[PDB]
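In the form deposited in one PDB entry, a lone chain appears below as structure tokens.
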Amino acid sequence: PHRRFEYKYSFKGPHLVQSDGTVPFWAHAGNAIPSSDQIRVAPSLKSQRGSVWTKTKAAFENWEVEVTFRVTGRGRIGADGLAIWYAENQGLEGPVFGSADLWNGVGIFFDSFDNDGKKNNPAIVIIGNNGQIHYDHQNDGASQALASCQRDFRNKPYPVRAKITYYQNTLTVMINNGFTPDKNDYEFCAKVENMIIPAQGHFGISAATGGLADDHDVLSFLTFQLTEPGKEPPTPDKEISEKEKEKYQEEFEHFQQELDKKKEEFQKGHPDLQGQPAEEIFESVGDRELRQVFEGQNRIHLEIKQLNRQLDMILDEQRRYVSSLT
């Protein structure tokens, strides 16, 4: 289908927040911390709840939503987790992943904690609700689940990219798990066929944290209206001539390569310019634990060196005392 980007229902860096300190076209509430690069919906503190919702309602019969997010934790178990919503009303605060219950719409829940005890978490659960059903958070929504895929999204070297597509009453969620830096590496997670959602509603993200604490960050939210090939606009007749289209782009590319050649010799011209790698950023929990043990052994090593030196001194002085007396 044909894709149209919608700016009023999207947000991204590196200028995510205005000078006021609020995301354009989005209202944030709870413990959300909007920054210039991402939104920390729930910080790694006990009992945090945050949400960011669109101000204006979106009337799209078919849509695509691309959410880039990172969920980080110190331990192996994680907090309550994240949730992407397309509802009728702004949930804001509440008990369901930092948002209100009894929502009329669709919710894709990235649940990191195993309340049910089934040992199948973290997971991605597609749940559609009509405003009368209550989400059973102690059961991880197992009875109410319309779709469930068990894909670990916590503690990844690269941000996790979820793509949620509503098209022909079919909702498909495809996830790039963040093992590779390539953005276009999406893999199928789940689908729901023949689901009815409200005709117009608000997009939203929410996050919550229980006894264990995770950092839930959303780097970018991207919204695309989808149009069928049969239902396309009649013509892009507005375009004047293809000749100017074949006259402008080579000048644009010539400018790009000239700018690159202008950049190259002066990147090395100023010695203060440097570069920092990102290899140190990623470390697994068990790897960090083993490194901590290796660091802990250094005290023992230094104390053994101290003991050896003291033994050397006592041996030498006993030697010289024995020589002196004899």
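For every residue, the number given is its place in the sequence shown, counted from 1. By rigid core we mean the largest C-alpha set that fits within 1.5 Å across both forms.
Keep in mind that the form deposited in another entry is missing from the display, and what follows is about it.
After superposition on the rigid core, does the Cα atom of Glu303 shift by at least 2 Å between the shown form and the other one? Yes: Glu303 shifts by at least 2 Å between the shown form and the other one.
Taking the rigid core as the superposition reference, indicate whether the CA of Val293 shifts 2 angstroms or more between the shown form and the other one. Indeed, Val293 is displaced by 2 Å or more.
Core-aligned CA displacement of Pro234 at least 2 Å between the shown form and the other one: Passes the 2 Å threshold, so yes.
Cα distance between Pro157 and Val293, which in the other form differs by 3 Å or more from this form, closer or farther: Result: closer.
Hey, the CA atoms of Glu289 and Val71 end up closer or farther in the other form than in the shown form, with the change being 3 Å or more? So the answer is farther.
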